[PDB]
Amino acid sequence: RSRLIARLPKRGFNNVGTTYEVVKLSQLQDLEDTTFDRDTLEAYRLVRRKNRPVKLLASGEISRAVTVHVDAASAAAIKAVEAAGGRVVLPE
Amino acid sequence: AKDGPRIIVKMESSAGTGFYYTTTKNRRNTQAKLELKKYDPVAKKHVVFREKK
Amino acid sequence: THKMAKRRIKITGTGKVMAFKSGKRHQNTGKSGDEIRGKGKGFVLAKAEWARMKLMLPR
Amino acid sequence: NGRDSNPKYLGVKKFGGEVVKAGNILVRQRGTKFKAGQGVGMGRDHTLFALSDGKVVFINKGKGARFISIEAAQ
RNA sequence: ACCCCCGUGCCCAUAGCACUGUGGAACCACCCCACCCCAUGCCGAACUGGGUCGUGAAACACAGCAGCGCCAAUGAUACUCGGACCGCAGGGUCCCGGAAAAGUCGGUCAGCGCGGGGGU
RNA sequence: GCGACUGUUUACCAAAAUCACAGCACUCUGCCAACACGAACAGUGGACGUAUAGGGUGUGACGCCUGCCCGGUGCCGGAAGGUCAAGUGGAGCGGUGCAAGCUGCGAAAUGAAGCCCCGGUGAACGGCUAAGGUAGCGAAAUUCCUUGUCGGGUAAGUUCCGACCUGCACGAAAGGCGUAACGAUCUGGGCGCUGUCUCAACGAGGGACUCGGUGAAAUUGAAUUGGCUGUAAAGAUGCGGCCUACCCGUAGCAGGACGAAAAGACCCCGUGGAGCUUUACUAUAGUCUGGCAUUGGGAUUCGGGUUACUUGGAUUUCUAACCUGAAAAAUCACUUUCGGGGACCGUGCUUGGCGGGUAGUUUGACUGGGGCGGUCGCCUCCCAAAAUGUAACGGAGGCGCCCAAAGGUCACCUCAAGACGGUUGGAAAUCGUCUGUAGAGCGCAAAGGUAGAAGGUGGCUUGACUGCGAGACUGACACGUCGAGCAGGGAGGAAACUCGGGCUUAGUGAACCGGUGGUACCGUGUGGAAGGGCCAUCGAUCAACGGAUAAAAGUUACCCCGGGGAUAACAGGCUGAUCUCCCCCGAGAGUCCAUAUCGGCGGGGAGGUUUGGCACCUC
RNA sequence: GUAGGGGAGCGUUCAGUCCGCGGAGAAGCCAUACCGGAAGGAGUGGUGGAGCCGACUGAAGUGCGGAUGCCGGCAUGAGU
RNA sequence: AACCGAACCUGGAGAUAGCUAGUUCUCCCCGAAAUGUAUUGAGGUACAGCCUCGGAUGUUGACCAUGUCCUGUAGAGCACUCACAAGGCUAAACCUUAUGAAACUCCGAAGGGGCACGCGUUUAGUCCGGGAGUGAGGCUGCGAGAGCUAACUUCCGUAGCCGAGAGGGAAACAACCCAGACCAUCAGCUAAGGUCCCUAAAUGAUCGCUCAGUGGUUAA
RNA sequence: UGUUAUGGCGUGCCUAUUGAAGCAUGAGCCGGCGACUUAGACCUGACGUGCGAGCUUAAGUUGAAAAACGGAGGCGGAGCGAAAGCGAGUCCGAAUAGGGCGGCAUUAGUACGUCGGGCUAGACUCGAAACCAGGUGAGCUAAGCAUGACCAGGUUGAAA
RNA sequence: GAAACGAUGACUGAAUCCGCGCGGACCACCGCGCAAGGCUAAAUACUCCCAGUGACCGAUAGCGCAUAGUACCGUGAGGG
RNA sequence: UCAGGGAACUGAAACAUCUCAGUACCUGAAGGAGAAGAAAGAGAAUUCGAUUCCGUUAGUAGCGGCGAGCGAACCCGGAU
Ligand SMILES: [K+]
Ligand SMILES: [K+]
Ligand SMILES: [K+]
Ligand SMILES: [K+]
Ligand SMILES: [K+]
Ligand SMILES: [K+]
Ligand SMILES: [Mg+2]
Ligand SMILES: [Mg+2]
Ligand SMILES: [Mg+2]
Ligand SMILES: [Mg+2]
Ligand SMILES: [Mg+2]
Ligand SMILES: [Mg+2]
Ligand SMILES: [Mg+2]
Ligand SMILES: [Mg+2]
Ligand SMILES: [Mg+2]
Ligand SMILES: [Mg+2]
Ligand SMILES: [Mg+2]
Ligand SMILES: [Mg+2]
Ligand SMILES: [Mg+2]
Ligand SMILES: [Mg+2]
Ligand SMILES: [Mg+2]
Ligand SMILES: [Mg+2]
Ligand SMILES: [Mg+2]
Ligand SMILES: [Mg+2]
Ligand SMILES: [Mg+2]
Ligand SMILES: [Mg+2]
Ligand SMILES: [Mg+2]
Ligand SMILES: [Mg+2]
Ligand SMILES: [Mg+2]
Ligand SMILES: [Mg+2]
Ligand SMILES: [Mg+2]
Ligand SMILES: [Mg+2]
Ligand SMILES: [Mg+2]
Ligand SMILES: [Mg+2]
Ligand SMILES: [Mg+2]
Ligand SMILES: [Mg+2]
Ligand SMILES: [Mg+2]
Ligand SMILES: [Mg+2]
Ligand SMILES: [Mg+2]
Ligand SMILES: [Mg+2]
Ligand SMILES: [Mg+2]
Ligand SMILES: [Mg+2]
Ligand SMILES: [Mg+2]
Ligand SMILES: [Mg+2]
Ligand SMILES: [Mg+2]
Ligand SMILES: [Mg+2]
Ligand SMILES: [Mg+2]
Ligand SMILES: [Mg+2]
Ligand SMILES: [Mg+2]
Ligand SMILES: [Mg+2]
Ligand SMILES: [Mg+2]
Ligand SMILES: [Mg+2]
Ligand SMILES: [Mg+2]
Ligand SMILES: [Mg+2]
Ligand SMILES: [Mg+2]
Ligand SMILES: [Mg+2]
Ligand SMILES: [Mg+2]
Ligand SMILES: [Mg+2]
Ligand SMILES: [Mg+2]
Ligand SMILES: [Mg+2]
Ligand SMILES: [Mg+2]
Ligand SMILES: [Mg+2]
Ligand SMILES: [Mg+2]
Ligand SMILES: [Mg+2]
Ligand SMILES: [Mg+2]
Ligand SMILES: [Mg+2]
Ligand SMILES: [Mg+2]
Ligand SMILES: [Mg+2]
Ligand SMILES: [Mg+2]
Ligand SMILES: [Mg+2]
Ligand SMILES: [Mg+2]
Ligand code: NA
Ligand code: NA
Ligand code: NA
Ligand code: NA
Ligand code: NA
Ligand code: NA
Ligand code: NA
Ligand code: NA
Ligand code: NA
Ligand code: NA
Ligand code: NA
Ligand code: NA
Ligand code: NA
Ligand code: NA
Ligand code: NA
Ligand code: NA
Ligand code: NA
Ligand code: NA
Ligand code: NA
């Protein structure tokens with residue numbers, strides 16, 4: 001606590017609330033033949049985590065009509081899926 | 001930076017409406033009363049600003 | 001040691017020290033100009049090793 | 001008294017014919033020995049620093065008033 | 001093309017001072033007036049406003065002058081890189097290169113541009 | 001000389017001048033005493049005692065006696081006032097809800113022992129500023145200078161005796177002075193006597209020596225183990241050179257093998273230990289105290305509210321609780337006559353104070369050993385040997401600020417000094433005219449730097465601004481430094497432009513913890529709030545200044561442990577200031593004459609016996 | 001070439017596996033002039049009177065001159 | 001209960017021990033450090049420097065030349081500051097003559113340093129990552145301080161060696177001079193040093209010196 | 001091979017150190033004993049292997065001259081920020097200045113094993129003065145209480 | 001510490017059906033739960049004793065003991 | 001195993017909290033096992049549903065001279 005450790009001026013504030021699961025756009029699109037996302041059949045899409053919600057993020061740029069059923073999604077992702085055909089459904 | 005009963009006193013910074021602190025070391029030696037200044041906070045800028053608390 | 005958790009040294013992509021400026025902030029201040037608003041970032045290429053070894057796992 | 005001590009520094013930092021850059025510091029002094037020339041700005045402690053890229057040129061008009069300049073390459 | 005004057009640079013004493021001579025309406029200065037714009041913590045000395053005479057005396061420009069400044073060789077030496085030695089020591093020498101300061105000879109009171117003006 | 005005496009003590013280096021006694025003094029104690037042992041209102045000791053009785057303390061037969069100063073400390077007493085804990089009480093403030101209401105924070109006043117304040121007490125601490133040595137004694141066991149000065153004794157006396165005095169630093173109960181007797185005590189002198197000496201001899205016995213029998217020990221790197229000189233970690237049997245020396249014993253001496261024994265007593269070091277001390281920190285036994293239980297009755301006064309129901313504090317008084325004593329079946333349990341005390345005390349919880357009795361700890365480092373002295377951060381020169389950097393208990397001097405302007409900007413002015421000449425001056429200055437690369441100035445220290453200003457003034461103002469900072473100097477890090485440009489908006493100037501503190505380099509310091517203003521991230525069912533976060537900022541002789549803990553002084557010769565020739569005292573080594581000795585020149589003294597003798601000022605060497613320096617072997 | 005880092009191996013006990021040896025005689029001990037770059041390995045002889053090499057692989061109570069080391073035995077001091 | 005400024009036994013307990021000692025088989029390769037800064041730190045630690053192993057990069061390394069720039073030491077000098085010798089003038093200032101200077105500088109090398117490039121030779125460097133050790137130096141020469149221009153003294157700068165370096169020389173001898181040991185050999189040439197004898201090697205050549213045993217301890 | 005004469009040469013070993021044959025430490029001799037280990041799905045790296053954008057189970061159950069079952073969970077997979085949150089982007093900020101991060105021309109992990117090292121345990125071995133708890137001792141010694149014993153002989157000659 | 005709740009010593013002292021406690025002071029809403037009475041296999045620990053097994057020792061090892069808590073030391077606990 | 005009572009060295013490179021640690025020791029009671037146990041709970045899903053133990057959560061949330069360092073629980077799986 002005196003050799004390069006302490007004497008440093010911080011505090012911040014520790015919280016840690018909700019961590020979402022990144023679902024790379026290229027996972028849905030690109031490959032695969034749309035076997036529906038939903039919330040059970042997507043466990044086999046190498047996105048098995050449990051205990052936390054699911055987030056949709058945009059990384060792969062490719063035109064294809066697919067439908068997405070996650071828990072939350074990003075603006076860009078929504079203006080990316082529908083722009084190519086589909087619908088992102090969020091919990092009520 | 002010793003602070004004691006001696007002369008000069010670290011004076012705060014206030015504003016009408018605005019909320020900003022210049023933090024300027026003054027003194028009570030000669031003229032010590034008219035500590036009225038002008039410092040533009042993060043509002044519309046250009047505002048009646050004194051450091052007299 | 002849990003202190004390391006709220007101490008500027010977070011785990012970044014590469015894996016180096018996230019530091020700030022421990023020059024002068026609260027107590028004792030009232031000289032210079034932007035020396036106060038100098039709350040940027042810090043990086044050391046000689047004490048990373050011996051530093052992340054108390055927080056690397058709990059990234 | 002064998003008391004007191006001061007490490008100090010100072011001196012020229014960018015010598016002649018040296019290709020500098022916009023931000024590099026040229027020479028550190030205490031007064032006006034080396035005076036700011038063309039393309040050479042002067043800090044508060046009389047420090048000379050570059051404004052752009054070029055070649056550090058030195059200029060001595062018989063002592064008294066030193067000048068440093070910069071001539072771009074390109 | 002000749003010269004000259006005025007302005008403005010490079011150069012920022014080998015281009016500086018002193019002494020002395022030349023210049024008289026093209027230019028420059030002093031001078032005259034100056035209740036007001038403007039102004040000297042007092043005074044229109046200087047800033048400034050409006051312009052004759054006179055003068056060039058002073059200042060300025062040029063020219064002579066090098067008494068003093070300034071600059072400043074050759075030769076030699078001090079010191080010294082490197083190489084190799086001496087004395088108990090303070091110290092000192094040899095070889096090989098680099099190479100002062102000071103002083104001496106001497107050198108010159110500039111040189112080089114741009115613009116405007118008025119004369120032959 | 002000391003102590004009065006008999007006596008007592010360190011089992012195993014101290015028998016004394018130690019302690020202890022009779023005598024004396026101060027003080028506490030009202031009897032379940034004071035006091036003490038104890039987890040325990042049990043029990044016991046004091047004491048089957050009880051006021052010339054018992055506990056504590058000091059002094060120490062006896063005789064003459066015991067002074068001056070109580071400011072502080074302690075204690076006793078007084079106590080108007082000043083402050084003070086829990087508690088009694090409650091305004092205001094604040095949160096949540098539709099509300100009733102349920103709830104955080106929190107006073108004025110009042111409130112115990114103490115402390116402050118007043119006085120007194122010294123055979124209490126203690127002094128000789130609260131006052132200063134009354135008697136007696138005096139170089140005494142206090143003595144430094146000192147072997148003091150004189151006298152006595154001796155042929156000759158540093159100690160001894162007697163006086164005197166300049167008592168470094170005697171003194172009347174940590175008693176002063178003196179005193180018969182006493183003393184395995186300490187000091188000096190004398191008589192007698194002597195092997196204690198001059199100065200040793202002779203004799204004896206028990207060992208030592210020899211033979212037979214039995215037969216250990218500490219120690220031990222290995223040994224085939226000389227002398228002188230030198231070298232080597234600096235005092236050589238294994239190194240060098242020279243010298244000497246056949247092999248092997250026995251009896252004997254102790255110079256050497258830095259001989260043995262015991263990781264060293266001293267000394268230093270270690271964020272080692274232990275015993276002890278106090279006005280070091282802190283806690284506690286113990287004790288004091290208020291309130292609240294056990295814990296009730298009858299009156300008066302004082303407080304108030306409610307429509308006499310009362311609730312409290314104090315005084316007083318009586319008793320069924322409780323406590324204690326006697327008699328009959330001593331300790332009790334018991335019924336009783338009763339005796340007294342009796343709402344206190346004791347005990348339990350809680351508050352505050354006192355508290356070295358006890359307990360756990362702290363008490364720095366550098367340092368030509370340690371201590372003492374001095375010094376730690378920062379700024380400038382020099383050392384620093386021409387980049388930078390660079391040590392010392394090397395050589396000098398500063399800072400822990402200041403300025404509402406000494407800032408920003410825009411205008412404007414040009415210094416010190418001398419000469420000449422002038423009036424309250426007759427050195428400087430006030431004025432004027434010359435000379436004058438500044439020989440001045442720049443708030444302070446210094447260097448660098450500055451005349452085209454970073455010198456001096458005036459107008460206008462608050463850039464001593466917010467959100468940032470490519471790219472660099474510097475540091476191990478963490479810090480620290482410099483900075484164009486860009487944005488929101490301002491200042492001066494006609495304008496270009498400049499400005500995000502001052503010619504710069506010191507005028508300061510992490511993190512934790514907390515105060516204040518602001519913004520609204522989190523707020524553990526939800527919606528708020530307490531609280532936390534972020535921006536800003538406040539607290540620091542943390543001066544041992546990169547800061548240990550919120551909070552800390554000494555002592556050990558009663559000492560222990562772990563280490564060190566990393567480090568001192570002895571010795572040796574190196575050096576040679578100092579010490580000792582020699583030499584050179586020669587002024588002069590020596591009546592005359594430098595040198596028969598003596599040698600001012602001054603200089604050159606030797607030795608290694610002094611005091612030292614250094615720290616090399618040996619802790 | 002010291003501290004230190006890196007590499008390749010020897011040796012010992014136990015374990016699995018394989019090839020085996022042993023009364024005409026194992027291990028152990030004793031001698032030796034041979035082999036290998038080292039740690040080491042082998043032949044022969046002597047002693048012995050029951051068990052044990054080599055290869056490969058795995059695991060360790062794995063290699064001693066020191067610690068005023070621990071245990072034990074025997075020396076020196078001496079026929080003192 | 002034969003050793004008491006806190007008994008003995010057992011246990012906590014293998015208490016802590018920045019301390020002392022000790023730490024066992026082999027060969028091969030590289031190869032340090034005793035510096036800086038901070039520390040209740042000074043014989044201990046952290047970090048940097050220095051070492052090794054791997055990977056990447058792959059000449060950026062090194063020496064040296066040229067070009068360019070920067071620094072005020074040695075010397076020197078008297079123009080500022082302090083000090084200082086003689087004389088003139090009438091104490092200072094000024095003049096002639098003459099000085100001394102770490103904290104004076106009108107002047108000012110050698111050398112050094114930064115950058116660029118290679119006209120040329122050579123060989124490493126940086127970065128990432130695992131493991132370290134070392135943070136008590138010593139001597140001599142030169143350049144300083146401190147000290148008596150003393151010390152095998154002490155404290156810094158720089159070069160070399162010892163430390164971890166054998167071998168030859170200097171009698172002996174860490175350091176000095178010459179030289180960096182892979183292994184074998186009854187082979188040869190040299191360095192520093194020497195060539196009568198004790199060890200190898202010309203009682204060698206020519207021209208001088210010294211009557212001393214100087215060489216083979218010093219000065220006024 | 002053994003032994004030996006003679007010649008040359010030749011400062012034990014370890015430790016600790018600037019520096020050791022040291023007159024510095026240790027050690028009589030030999031034998032045997034005797035010191036860097038083990039544990040934690042822990043952390044980090046090298047090597048190796050099986051899978052691979054996925055890679056593995058733990059407790060346990062059932063079977064044991066054999067092992068399979070068991071996917072609660074952990075590591076990959078998105079980052080940035082004090083946090084809400086947003087997301088290939090997010091924090092500071094009244095929108096363009098930078099720090100961190102993706103894309104870089106380009107770099108996958110995971111489980112197990114052996115090994116380097118870290119951590120937490122006694123952590124390489126041996127060693128102290130001391131501190132704490134419980135208990136044993138007054139049969140030595142310092143004292144008290146109770147009950148008993150002992151002091152030849154001689155001298156001096158108080159009160160009454 | 002914003003510090004709930006459980007527990008306890010000393011003082012005090014509530015309700016029970018439009019009830020009581022709790023849900024990290026507190027309040028409303030909401031949600032869970034009903035003390036002041038008791039008992040109660042198994043899954044778990046350990047091992048004197050017994051059997052089996054061992055990349056456990058083979059006697060300076062292994063328990064201290066190939067039997068002995070004996071001899072031996074201490075007043076004793078105790079050591080051995 | 002439960003209960004009454006309850007250290008210090010050591011660590012914080014000093015030491016007061018805190019750690020060591022409810023460790024050691026002491027004592028009481030009882031068995032072949034004890035403790036615990038049939039909700040005024042956990043918890044945030046309008047859920048699970050005696051207790052204990054194992055895995056995991058996780059070394060997270062959180063405690064702390066915010067230093068040294070200490071350290072849960074719910075969900076889920078499993079023994080029963
Ligand atoms: K006799
Ligand atoms: K005999
Ligand atoms: K000696
Ligand atoms: K150190
Ligand atoms: K060894
Ligand atoms: K791998
Ligand atoms: Mg800010
Ligand atoms: Mg007596
Ligand atoms: Mg005795
Ligand atoms: Mg005397
Ligand atoms: Mg006499
Ligand atoms: Mg007295
Ligand atoms: Mg007696
Ligand atoms: Mg006599
Ligand atoms: Mg006889
Ligand atoms: Mg000899
Ligand atoms: Mg020999
Ligand atoms: Mg003879
Ligand atoms: Mg004898
Ligand atoms: Mg010792
Ligand atoms: Mg002592
Ligand atoms: Mg201590
Ligand atoms: Mg302690
Ligand atoms: Mg320098
Ligand atoms: Mg230099
Ligand atoms: Mg240094
Ligand atoms: Mg703290
Ligand atoms: Mg410090
Ligand atoms: Mg602190
Ligand atoms: Mg004693
Ligand atoms: Mg000792
Ligand atoms: Mg030594
Ligand atoms: Mg002595
Ligand atoms: Mg002496
Ligand atoms: Mg000595
Ligand atoms: Mg020394
Ligand atoms: Mg048989
Ligand atoms: Mg072993
Ligand atoms: Mg041995
Ligand atoms: Mg010995
Ligand atoms: Mg033995
Ligand atoms: Mg005999
Ligand atoms: Mg004998
Ligand atoms: Mg005999
Ligand atoms: Mg005894
Ligand atoms: Mg031990
Ligand atoms: Mg300790
Ligand atoms: Mg090598
Ligand atoms: Mg520190
Ligand atoms: Mg400190
Ligand atoms: Mg290190
Ligand atoms: Mg000089
Ligand atoms: Mg050192
Ligand atoms: Mg050194
Ligand atoms: Mg030395
Ligand atoms: Mg060494
Ligand atoms: Mg020789
Ligand atoms: Mg030859
Ligand atoms: Mg030769
Ligand atoms: Mg020969
Ligand atoms: Mg001679
Ligand atoms: Mg040797
Ligand atoms: Mg010897
Ligand atoms: Mg020895
Ligand atoms: Mg020793
Ligand atoms: Mg008895
Ligand atoms: Mg009788
Ligand atoms: Mg409660
Ligand atoms: Mg046995
Ligand atoms: Mg045996
Ligand atoms: Mg308890
Ligand atoms: Na993060
Ligand atoms: Na703050
Ligand atoms: Na030379
Ligand atoms: Na020359
Ligand atoms: Na007495
Ligand atoms: Na008295
Ligand atoms: Na006398
Ligand atoms: Na006498
Ligand atoms: Na012999
Ligand atoms: Na104490
Ligand atoms: Na708030
Ligand atoms: Na001496
Ligand atoms: Na053999
Ligand atoms: Na322990
Ligand atoms: Na070397
Ligand atoms: Na010699
Ligand atoms: Na045997
Ligand atoms: Na500790
Ligand atoms: Na028990």
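See the structure above.
Residues numbered from 1 in each chain as written, not as in the entry; some residues may be left out. Chains lettered and ligands numbered in written order. Part of a larger assembly, values for the part shown. Heavy atoms only, no water.

### Some details on the protein's contact with RNA strand I
Step number 1: Neighbouring RNA strand I are 28 residues; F13, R49, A58 and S74 of chain A together with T12 of chain C lie closest to it.
Step number 2: Within the side chain of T12 of chain C, an N or O atom sits 2.6 Å from a sugar or linking oxygen of RNA strand I. (Near = heavy atom within 4 Å. Polar contact = N/O pair within 3.5 Å; in protein donor to acceptor, adjacent residues only side chain to side chain.)

### A look at the sheet that holds strand 4 (residues 36-38) of chain B
Residues and elements named next belong to chain B.
Step number 1: Taking strand neighbours across the sheet as the criterion, the 3 strands line up as 2-5-4 in an open arrangement whose pairing is antiparallel. The open sheet has two edge strands, strand 2 (14-15) and strand 4, and neither has a second partner.
Step number 2: Relative to strand 5 (residues 48-50), strand 2 runs antiparallel, the two sharing 2 bridges. Bridge pairing links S14 to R50 in strand 5. (Pairing = 2+ DSSP bridges. Helix = DSSP H or I, 4+ residues; strand = E, 2+ residues; numbered from the N terminus.)

### Focus: unusual backbone geometry
Residues and elements named next belong to chain A.
Step number 1: Positive phi, close to 55°, is recorded for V16, a residue that is not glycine.
Step number 2: Here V16 lies in the segment before strand 1 (21-24).
Step number 3: The backbone of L46 shows a phi angle near 55°, a positive value even though the residue is not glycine.
Step number 4: Positionally, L46 belongs in the loop between helix 1 (25-28) and strand 2 (54-57).

### Topic: the environment of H2 of chain C
All names here are of chain C.
Step number 1: Tracing the chain through its elements places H2 in the segment before helix 1 (49-52).
Step number 2: Under the relative-accessibility criterion, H2 is labelled exposed at 63%.
Step number 3: Here the alpha-carbon distance between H2 and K31, two residues 29 residues apart in the chain, equals 34 Å. (Buried < 20%, exposed > 50% of the residue type's maximum accessible area, 1.4 Å probe, protein only.)

### Comments concerning the packing of aromatic side chains
Step number 1: For the structure on display, the rule yields 3 aromatic pairs over all chains.
Step number 2: Judged by centre distance (6.1 Å) and plane angle (85°), the ring pair of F34 of chain D and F58 of chain D falls under edge-to-face. Of this pair, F34 of chain D sits in strand 4 (residues 34-36) while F58 of chain D is found in strand 7 (residues 54-60), placing the two residues 24 residues apart along the sequence.
Step number 3: Classification of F34 of chain D by relative accessible area gives buried; the value is 11%.
Step number 4: Among the aromatic residues, those joined into a ring-pair cluster are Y20, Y39 and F49 of chain B.
Step number 5: For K55 of chain A, the ring lying beneath its charged end belongs to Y20 of chain A, and the centroid distance is 3.6 Å.
Step number 6: For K33 of chain D, the ring lying beneath its charged end belongs to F34 of chain D, and the centroid distance is 5.8 Å. (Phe/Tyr/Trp six-rings, centres within 6.5 Å; stacked < 30°, edge-to-face > 60°. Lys NZ or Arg CZ within 6 Å of the ring centre and 35° of its normal.)

### Considering the interface of chain C and chain A
Step number 1: Counting residues at the interface gives 10 residues for chain C and 8 residues for chain A.
Step number 2: Both sides of the chain C and chain A interface together cover about 1000 Å² of buried area, and 62% of this is carbon and sulfur.
Step number 3: If you sort the residues of chain C by the area they bury against chain A, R7, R8 and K47 of chain C come out on top, with a joint share of 43%.
Step number 4: Where chain C packs against chain A, one counts 0 salt bridges.
Step number 5: At the boundary of chain C with chain A, the tally comes to 3 residue pairs in polar contact.
Step number 6: Its residues placed into classes, the side of chain C that touches chain A shows 2 nonpolar, 1 polar and 7 charged. (Contact = heavy atoms within 4.5 Å. Buried area = accessible area lost by both parts, 1.4 Å probe. Salt bridge = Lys/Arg side-chain N within 4 Å of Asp/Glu carboxyl O. Nonpolar A, V, L, I, M, F, W, Y, C, P; charged D, E, K, R; others polar.)

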